[PDB]
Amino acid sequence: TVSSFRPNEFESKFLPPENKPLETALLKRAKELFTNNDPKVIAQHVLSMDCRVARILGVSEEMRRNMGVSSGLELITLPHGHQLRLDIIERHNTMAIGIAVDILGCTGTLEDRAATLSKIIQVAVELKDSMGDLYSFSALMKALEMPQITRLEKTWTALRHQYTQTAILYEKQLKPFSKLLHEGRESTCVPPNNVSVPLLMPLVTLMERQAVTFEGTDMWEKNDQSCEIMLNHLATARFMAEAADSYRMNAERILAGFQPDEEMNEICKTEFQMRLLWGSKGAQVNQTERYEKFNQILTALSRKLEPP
């Protein structure tokens, strides 16, 4: 089928009924939110939202009788988790795209871009070491590795010179850890606060041979077509399902006493993000077309910002 996410019909106190793609005032308001909020606060909203979408937290009794299992983390290893898997894929792509658009569109000066880049890495650090949200941690890391972000030479140089510690933390700690996750070793290299949401993406993608991803990452080609790596994720998936509860356990501990900020909560919604990016009409075009669109838009903004 398709995603459960139906953006054209999503309502919000924070979104005009009829919005166009990348509305400038709305990208303005978004940036301001992430700009004016502490990275831990941002990461708590992301984790909290990821737990709803993956059905680790907030599962009504109707939803559970409906799944046949207690947790979405069990459900995704099963045939009837197909919808969930597709939802998981859409939110990840949309989130990675938004991050990129946040560096390449929601900024004015070089210094503003670099500050944004640092804030993004701090958020990623919070996701990893505090929230143990490996899933959204990976979406941010994917944004940072996009060819359109990677080639912003002047911007990475400003990061190296002004935000040095953050820049070294990213290259020396985050990148290598990211790589471990991708080789399917997450179960043996847990961050200091354990795991609340697993990486998910490479497992969900292996299962969904018809999955579209932005810029075609986790497409299991070339050096990825390794039985060894595929075994690691699938062995890990099975462990995930049997131990699904431990994740809930972690997320509940981390989020005890958490009180969400309404607007912040809204902008974490994939639906909302989809409306921001493709508008109230285009938000329901096919994945391939929607993703190809931003590949073009991001390459153009990157070129406008730092020409060769």
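One-based numbering along the sequence shown.
- Stretches compared: 10-18, 289-297. Higher mean C-alpha B-factor in the entry: 10-18.
- The stretch with the higher mean CA B factor, choosing between 46-54 and 266-274, is 266-274.
- The PDB entry assigns the greatest CA B-factor among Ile254, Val69, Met240, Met63 to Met63.
- The PDB entry assigns the greatest CA B-factor among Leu26, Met249, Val41, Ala244 to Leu26.
- In this PDB entry, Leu144 carries a Cα temperature factor that places it within the middle third of its chain's modelled residues.
- Among the modelled residues of its chain, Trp220 has a C-alpha B-factor that falls in the highest third according to the deposited record.
- Annotation for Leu104: C-alpha temperature factor in the middle third relative to the rest of the modelled chain, per the entry.
- In the deposited entry, the Cα temperature factor of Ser196 places it in the lowest third of its chain's modelled residues.
- In the deposited entry, the Cα temperature factor of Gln122 places it in the lowest third of its chain's modelled residues.
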